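# Architecture at a glance
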Amino acid sequence: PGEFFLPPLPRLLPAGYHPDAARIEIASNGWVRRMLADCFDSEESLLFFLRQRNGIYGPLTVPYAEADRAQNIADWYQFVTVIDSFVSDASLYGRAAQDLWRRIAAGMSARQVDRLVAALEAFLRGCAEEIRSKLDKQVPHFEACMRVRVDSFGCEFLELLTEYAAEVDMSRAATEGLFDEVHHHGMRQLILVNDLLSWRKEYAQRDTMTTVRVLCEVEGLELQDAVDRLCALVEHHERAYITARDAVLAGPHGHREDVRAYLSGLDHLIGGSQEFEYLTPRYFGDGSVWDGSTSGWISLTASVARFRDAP
Amino acid sequence: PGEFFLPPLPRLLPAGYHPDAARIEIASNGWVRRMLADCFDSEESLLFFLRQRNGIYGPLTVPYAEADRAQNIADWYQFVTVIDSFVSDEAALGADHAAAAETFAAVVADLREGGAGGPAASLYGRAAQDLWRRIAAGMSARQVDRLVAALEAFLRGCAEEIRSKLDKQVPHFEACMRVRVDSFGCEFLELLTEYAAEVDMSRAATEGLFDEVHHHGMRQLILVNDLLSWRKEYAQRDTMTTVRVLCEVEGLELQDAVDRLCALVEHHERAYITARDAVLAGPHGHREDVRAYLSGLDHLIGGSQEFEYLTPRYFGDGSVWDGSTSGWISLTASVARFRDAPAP
Ligand SMILES: [Mg+2]
Ligand SMILES: [Mg+2]
Ligand SMILES: [Mg+2]
Ligand SMILES: [Mg+2]
Ligand SMILES: [Mg+2]
Ligand SMILES: [Mg+2]
């Protein structure tokens, strides 16, 4: 292919920066050095990771949260992103997971601490299944990909950390299934935006678990036609997320402030995530610096990329 | 000597980030692309400039300002930093008097198109005109005239540094601080501090109310910049830094120079606080506009130090700030950060 067009995406949902996002990014960088430095082969490898500005992802997901909780969340995402990067490449990571657990557990119910360990297990089980899929060089069909990505994208910790940020416990509502539709469309929107923006990286790293590879290699589509398909698919799941949300709100439990708070959380999680995914050198290449552009022509293979108004 | 130790600095003054700092930095990068991309030799050398994160300096200095004014100041600082980097670069300028002066005249002309009625022919002139129309809108006629003097001051400053480099003549400390009041853009910093705080201190300034406040605050700002920018000025053979004055004029080894200037940062920081507290206890100290201006200077002084620990401009391209502020700094490494111990 060489160069494709990413069109304007709907961007219907609030996308806000925590008032302390820039400072939180730096302190998170601080935490990654103290806790995770020895995970990298060199200072060169650590700085490659820190230049992805993954520290600002957290505060872009919870712009509403108390600074302490925003910082806790920012460090969690750097932590799981380090693991996520080695997937694609106490104990070693144990001391880091313990610092996070000690910091986050203090502002969680007992049932939420159980859900966080389960959510991490789900992520790792997702990751493990991606490793086998990649070693065997077998790309799954669309739905199978999405099934693996519910675990691998870390939907359960995305949902739980939303609660943690909003200072609610939706454990009872979850078991009951109040957010089943909301989560289906919300997580699938999150995943497909990510698939679209992380394609340069996953293409380069031969990662298998992405709907761009499924559309290209298993459905045999041209890149532009796959990009146009998933872009339309993002609009679907985003509009249905809004519909399913508006239904919980209009419905029986929708007057509750805890439900309203959690759903406003997901709103900012979905819009904030996309803002980050345009920002990060992780997707646009080491050396890239975001200029604020959000659509246009971009290179699949160039070491660094950005949206231009012509090929 | 391949490294030095930077002790903890007092950091008594507030260092706040604008609640929109990250987004403003990005929008500032967008403005540098739109306006200045063709001032760089290539996309790669434009990215080298943007990786310095100069776009977050503005929001770290006026964290209390309305978003639009913060954005204007952010774009301003990226623009002057592009200019500072161009005219301190002998490759871009020339390595001999004749050539340096020709290229410098061109820059002076281009930047004077800034407040003119006609469209600018130059990239620098068009960037200056955009910033002029944006900032001057929110200024009094007196502030606008002061903005003209302040650019004139900056350029007189840069020209004395350029001459100094060419003639291989390091100034004595007081000459260095005289030059740097101009070359550091102090008149701009004070004016923009007024604009951010939405006040007009034209009379007060002329009357001399802030003479001690400005003398001590600007000296702290310049000294802290000389310390954090030495890594890069050493490599670039710049002469207008107190680190080079103490080493070459006064005969001091690097570590003694560094220790002396850290003590001087503390002297001028406390002197700033005393001079400021005096105005606040004086007959103008009750005025809301004076209170806002002096809080604006507090945040300029604290904010600037935070930025100078953050920027890859000083710690090397590829560097990423981890929040550390004290320890051992390599002069030779391609990327530097503060460490607990010297290289064995
Ligand atoms: Mg991945
Ligand atoms: Mg993954
Ligand atoms: Mg991805
Ligand atoms: Mg200069
Ligand atoms: Mg300079
Ligand atoms: Mg300097």
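Each chain has its residues counted from 1 in the order its sequence is written, and this count may differ from the entry's own numbering; any residue lacking coordinates is left out. Written order determines the labels here, with chains lettered from A and ligands numbered from 1. To obtain the side-chain values, all non-hydrogen atoms of the structure were included, while hydrogens and water were left out.

Its PDB header attributes the entry to X-ray crystallography and lists the resolution as 2.1800 Å.

### Here we look at the packing of helix α1 (residues 21-36) of chain A against helix α4 (residues 67-88) of chain A
Residues and elements named next belong to chain A. Here, axes are lines fitted to C-alpha atoms. For helices the fit covers the stretch in contact, and angles between N-to-C directions go from 0 to 180 degrees. Helix numbers and strand numbers start at the N terminus; a helix is a DSSP run of H or I with at least 4 residues, a strand a run of E with at least 2. Interaxial distance between α1 and α4 falls to 9 Å at its minimum, and their mutual angle equals 50°. As judged from the angle between their axes, α1 and α4 are oblique. In the packing of α1 onto α4, the handedness of the crossing is right-handed. Contacts between α1 and α4 involve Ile-24, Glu-25, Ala-27, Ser-28, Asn-29, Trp-31, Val-32 and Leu-36 from the first element and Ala-67, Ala-70, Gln-71, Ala-74, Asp-75, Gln-78, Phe-79 and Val-82 from the second. By the convention adopted, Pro, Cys, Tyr, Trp, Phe, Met, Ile, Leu, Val and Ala count as nonpolar, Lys, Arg, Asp and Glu as charged, and the other residues, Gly among them, as polar. Classifying every residue of the contact of α1 with α4 by side-chain character gives ten nonpolar, four polar and two charged. The cut-offs work like this: below 35 degrees is roughly parallel, past 145 is roughly antiparallel, 65 to 115 is roughly perpendicular, and the gaps in between are oblique. When the near helix sits turned anticlockwise from the far one by under a right angle, the crossing is termed left-handed; a clockwise turn instead gives a right-handed crossing. Contacts: residue pairs with any heavy atoms within 4.5 Å of one another.

### What to know about helix α15 (residues 288-310) of chain B
Expected helix span is given by 1.5 Å per residue-to-residue step, counting one fewer step than there are residues. In this model, α15 of chain B (23 residues) spans 32 Å end to end at C-alpha, consistent with the 33 Å of a helix rising 1.5 Å per residue. Burial classes follow relative accessibility: with a 1.4 Å probe on protein chains only, a residue under 20% of its type's maximum area counts as buried, one over 50% as exposed, and anything between as partly exposed. Burial within α15 of chain B is extensive, with 18 of its 23 residues counted as buried.

### Concerning the pattern of salt bridges
Pairing between side chains of opposite charge can happen when their charged atoms approach one another. Criterion for a salt bridge: a side-chain nitrogen of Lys or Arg within 4 Å of a carboxyl oxygen of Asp or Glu. For the coordinates displayed, the defined rule picks out 51 salt bridges over all chains. For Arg-33 of chain B, the salt bridge is made with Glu-43 of chain B, and the minimal N-O distance between the two is 2.8 Å. Note that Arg-33 of chain B is positioned in helix α1 (residues 21-36) and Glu-43 of chain B in helix α2 (residues 43-50), a separation of ten residues in sequence. A relative accessible area of 24% places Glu-43 of chain B in the partly exposed class. Across the pair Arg-291 of chain B and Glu-288 of chain B runs a salt bridge whose closest N-O atoms are separated by 3.8 Å. Note that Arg-291 of chain B and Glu-288 of chain B are positioned in helix α15 at a spacing of three residues, about one turn of the helix. For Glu-288 of chain B, a relative accessible area of 59% translates into the label exposed. Sharing partners across several salt bridges, the network here consists of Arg-33 and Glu-43 of chain A together with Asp-322 and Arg-337 of chain B.

### Quick look at the environment of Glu-43 of chain B
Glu-43 of chain B sits ten residues away from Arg-33 of chain B along the chain, and the two C-alpha atoms are 9.5 Å apart. Once residues within four sequence positions are removed from consideration, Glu-43 of chain B is found in contact with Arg-306 of chain A together with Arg-33 of chain B.

### Considering the packing of aromatic side chains
Pairing of aromatic rings covers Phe, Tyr and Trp, the last counted by its six-membered ring, and requires centre-to-centre distances within 6.5 Å; plane angles under 30 degrees mean stacked, over 60 mean edge-to-face, and any other angle means tilted. Within this structure, the stated rule accounts for 30 aromatic pairs over all chains. Their ring planes at 70° and their centres at 5.5 Å tell us that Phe-284 of chain A and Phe-307 of chain A sit as a pair that is edge-to-face. Highlighted residues: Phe-284 of chain A in helix α15 (residues 281-284) and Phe-307 of chain A in the segment after β2 (296-299), separated in sequence by 23 residues. Across the pair, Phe-307 of chain A and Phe-284 of chain A agree in class, each one buried. Grouping aromatic residues by their ring pairs yields a cluster made of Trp-31, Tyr-57, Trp-76, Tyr-77, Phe-79, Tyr-93, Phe-123, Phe-157 and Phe-276 of chain A. Remark: a charge is flagged as sitting over a ring if the NZ atom of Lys or the CZ atom of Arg is within 6 Å of the ring centre and within 35 degrees of the ring normal. Stacked on the ring of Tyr-164 of chain A, the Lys or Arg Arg-69 of chain A has its end atom at 4.7 Å from the ring centre. Across the ring face of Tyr-195 of chain B, the terminal group of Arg-69 of chain B is positioned such that the distance to the ring centre comes to 4.5 Å.

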